[PDB]
Amino acid sequence: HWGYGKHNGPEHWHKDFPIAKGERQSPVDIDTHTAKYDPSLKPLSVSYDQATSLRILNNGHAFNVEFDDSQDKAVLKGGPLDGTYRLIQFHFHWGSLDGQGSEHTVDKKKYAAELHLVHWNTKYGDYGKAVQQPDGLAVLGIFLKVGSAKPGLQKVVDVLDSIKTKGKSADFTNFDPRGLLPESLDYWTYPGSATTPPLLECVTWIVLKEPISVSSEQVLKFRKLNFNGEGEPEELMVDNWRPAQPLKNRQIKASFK
Ligand SMILES: NS(=O)(=O)c1nc2ccccc2s1
Ligand SMILES: NS(=O)(=O)c1nc2ccccc2s1
Ligand SMILES: [Zn+2]
């Protein structure tokens, strides 16, 4: 199966998921000079006041914090989006060292990590139907740089010891994802894809310009997770990021001047 090892990493994925060479793959490099301000974009509406987290899972490629998406509670609207998108999970991608880890890049700069808050379009009724549609998902991407600690992240880092290996989960209720946002909601947006197999071309990307700061100690704890299952040879969960893909016939729009 696919992964981020020496023999099953991103350069191999196309053999089982041919869409990997498709026309709207993600992530991409964001060339800040070429991205054009679009005055027709609206402010984002991030409405997480009623978010209900449930569980955290090590799925062998990242850890997902899962939400109750059985009704509209935590939703994303506005910006480039038509309609309402429900938060289903968030996860991160990160590096073996601070100089890499993000999936999107900004003028070729790689950040230490990248947070993805994944939302599905409620007009399709369920998540599984939404991922089959070109406007089925909206992923809010947030860069992480290493500096001061992010207080709102600490509850996540502290549970990681309990989900070290693939297939382990833990209760994770009452977590407020608003504590993972930066101050500004200025963003770039473009049409793309999921960044892990099956790489479906169903995502409207909304990538925030302002990174959040996390401490070295916080990201070091991400790097103690394992890709492998319990009792298997230890493979540290690091460098679980897909590199930038060709932009092809796409424009990246900016919400800001
Ligand atoms: N990256 S993938 O095409 O999905 C894939 N790579 C490999 C390598 C060895 C054994 C099975 C698979 S499946
Ligand atoms: N990493 S991501 O683009 O946020 C993402 N990848 C996938 C793969 C399958 C289904 C949903 C998503 S959301
Ligand atoms: Zn992701």
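The figures that follow rest on heavy atoms only: side chains count, while hydrogens, waters and symmetry mates do not. Numbers here simply count residues along the sequence, with the first being 1.
Put simply, the side chain of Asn58 never gets that close to the backbone of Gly167: no donor and acceptor are under 3.5 Å apart. Side chain of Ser102 to backbone of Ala112: no donor-acceptor contact under 3.5 angstrom is found. Side-chain atoms of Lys155 do not come within 3.5 Å of backbone N or O of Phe172 as any donor-acceptor pair. For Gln50 (side chain) and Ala74 (main-chain N/O), no donor-acceptor pair under 3.5 Å exists by modelled atom type. Proximity of a side-chain donor or acceptor of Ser53 to a complementary backbone N or O of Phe175 within less than 3.5 Å is detected.
Summarising the local packing, CD of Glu183 is surrounded by 12 or fewer heavy atoms from other residues, nucleotides or ligands at distances under 6.0 Å. The 12-atom threshold is exceeded at CG of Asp31, counting heavy atoms of other residues, nucleotides or ligands nearer than 6.0 Å. With a 6.0 Å radius and a threshold of 12 heavy atoms from other residues, nucleotides or ligands, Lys6 has its NZ atom at or below the threshold. Around atom CG of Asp126, more than 12 heavy atoms belonging to other residues, nucleotides or ligands sit under 6.0 Å away. Within 6.0 Å of NZ on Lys150 lie more than 12 heavy atoms contributed by other residues, nucleotides or ligands.
To the nearest 0.5 Å, the span separating CD on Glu232 from NZ on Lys166 amounts to 8.0 Å. With rounding to the nearest 0.5 Å, the separation of NZ in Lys253 from OH in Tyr37 is 11.5 Å. A distance of 9.0 Å separates OG of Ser255 from NZ of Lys209, quoted to the nearest 0.5 Å. The CG atom of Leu76 lies 9.0 Å from the CG atom of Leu87; values are rounded to the nearest 0.5 Å. Atom-to-atom distance recorded for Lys248:NZ and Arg24:CZ is 13.0 Å, nearest 0.5 angstrom. To the nearest 0.5 Å, the span separating OG on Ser70 from CG on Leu54 amounts to 8.5 Å.
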### Task
For the pair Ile142 and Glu114, evaluate side chain to side chain contact (heavy atoms under 4.5 Å, CB included) and give the outcome as yes or no after the intermediate values.
CA-CA 6 Å; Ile142 304 179; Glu114 187 173 330; over 6 Å; no

### Message
Test side-chain hydrogen bond (donor to acceptor under 3.5 Å, both in side chains) on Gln100 and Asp239; report intermediate values, then the result.
### Response
CA-CA 8 Å; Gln100 61 189 35; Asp239 294 319; 2.8 Å; yes

### Message
Show, in sequence, the C-alpha distance, side-chain angles and deciding distance for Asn226 and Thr165, and conclude whether the side-chain hydrogen bond (donor to acceptor under 3.5 Å, both in side chains) test is met.
### Response
CA-CA 5 Å; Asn226 283 185; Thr165 49; over 6 Å; no

### Message
Quick one, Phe227 with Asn59, criterion side chain to side chain contact (heavy atoms under 4.5 Å, CB included). Give me CA distance, side-chain angles, the key distance, then yes/no.
### Response
CA-CA 8 Å; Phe227 285 128; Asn59 62 24; over 6 Å; no

### Derivation of the side chain to side chain contact (heavy atoms under 4.5 Å, CB included) call for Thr52 and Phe67
CA-CA 6 Å; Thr52 298; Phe67 289 79; 5.6 Å; no

### Task
Please report the C-alpha distance between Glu201 and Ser193 in whole Å, then the side-chain angles of each, then the deciding distance to 0.1 Å, and finally whether the side-chain hydrogen bond (donor to acceptor under 3.5 Å, both in side chains) criterion is met.
CA-CA 4 Å; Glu201 291 181 333; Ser193 76; 5.7 Å; no

#### Entry: Candidate pair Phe90 and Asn64, rule side chain to side chain contact (heavy atoms under 4.5 Å, CB included), full reasoning
CA-CA 6 Å; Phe90 73 74; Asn64 289 358; over 6 Å; no

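By the 4.0 Å N-to-carboxylate-O rule, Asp176 lies close enough to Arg178 to be salt-bridged with it. In this structure, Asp135 pairs ionically with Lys123, as a charged nitrogen and a carboxylate oxygen lie closer than 4.0 Å.
In terms of heavy atoms, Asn8 sits closest to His12 at N-CD2, 3.8 Å. Closest non-hydrogen pair, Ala170 versus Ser162, comes out as CB-OG, 3.8 Å. Across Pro211 and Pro182, no two heavy atoms sit closer than the pair O-CB, 4.1 Å. Considering every non-hydrogen atom in both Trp94 and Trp241, the closest pair reads O-CD1, 3.6 Å. Contact between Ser215 and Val146 at its shortest, heavy atoms only, is C-CG1, 4.1 Å.
For the pair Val65 and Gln89, the minimum side-chain heavy-atom distance is 4.5 Å or more. The shortest distance between side-chain heavy atoms of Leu44 and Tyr187 falls below 4.5 Å. Side-chain contact check for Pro27 versus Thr105: every heavy-atom pair is 4.5 Å or farther apart. Looking only at side-chain heavy atoms (C-beta outward), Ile206 and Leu81 come within less than 4.5 Å of each other. Within the 4.5 Å cutoff, no side-chain heavy atoms of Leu236 are placed close to those of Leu225. With contacts defined as side-chain heavy-atom distances shorter than 4.5 Å, the pair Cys202/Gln132 does not qualify.
Residues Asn121 and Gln133 have side chains that never bring a donor and an acceptor to within less than 3.5 angstrom of each other. Checked by atom type, the side-chain pair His93/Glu103 shows a donor-acceptor distance below 3.5 Å. Donor-acceptor pairing under 3.5 Å is lacking for the side chains of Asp171 and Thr173. A donor-acceptor pair shorter than 3.5 Å cannot be found between the side chains of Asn228 and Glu235. A donor-acceptor contact under 3.5 angstrom links the side chains of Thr32 and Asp107, judged on distance only.
Side-chain heavy-atom separations under 4.5 angstrom define the hydrophobic clusters, and the remaining members of the one that includes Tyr111 are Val28, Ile30, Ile88, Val106, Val118, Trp120, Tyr127, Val131, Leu137, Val139, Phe143, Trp188, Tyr190, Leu200, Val203, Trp205, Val207, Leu247, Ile252, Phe256.
Among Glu11, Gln25, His104, the single residue meeting the side chain to side chain donor-acceptor pair (under 3.5 Å) criterion with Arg242 is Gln25. Each of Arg223, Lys145, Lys110 was checked for a salt bridge (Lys or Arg N to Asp or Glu O under 4.0 Å) with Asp98, and the lone residue meeting it is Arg223.
Using bins of under 30°, 30° to 60° and over 60° for the plane-to-plane angle, the ring pair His119/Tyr48 lands in the parallel bin. Using cut-offs of 30° and 60° on the angle between ring planes, the pair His91 and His116 is perpendicular.
In this structure, the ring of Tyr4 has its center less than 6.0 angstrom from the ring center of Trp13.
Hydrophobic cluster membership is shared by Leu115 and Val157, with clusters built from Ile, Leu, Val, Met, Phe, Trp and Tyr side chains linked at under 4.5 angstrom. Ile212 and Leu185 fall within the same hydrophobic cluster, where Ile, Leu, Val, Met, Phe, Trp and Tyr residues are linked whenever their side-chain heavy atoms come under 4.5 Å apart, directly or through other members.
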